[PDB]
Amino acid sequence: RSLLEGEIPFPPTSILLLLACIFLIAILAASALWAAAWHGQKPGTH
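Letter by letter, the sequence shown follows residues 1 to 46 in PDB author numbering.
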């Protein structure tokens, strides 16, 4: 029953850290923009 066992719900600050992990997913979006950079190649077949 004591809080030491951990049964208490995780602090709201903790779940906010999980949102930080989502921010790393945003950086993955930046990698997608690099995919757009590939377009620079000439239209000619390669």
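Heads up, the beta-carbon is just placed ideally off N, CA and C, and yes, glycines get one too.
Backbone CA spacing between residue i and residue j [nearest angstrom]
| i | j | result |
| --- | --- | --- |
| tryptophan 34 | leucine 28 | 10 Å |
| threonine 13 | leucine 19 | 10 Å |
| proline 43 | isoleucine 15 | 47 Å |
Start-to-end residues for the alpha helix (DSSP H) that takes in residue i
| i | result |
| --- | --- |
| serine 14 | 12–37 |
DSSP three-state assignment for residue i, whether helix, strand or coil
| i | result |
| --- | --- |
| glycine 44 | coil |
| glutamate 7 | coil |
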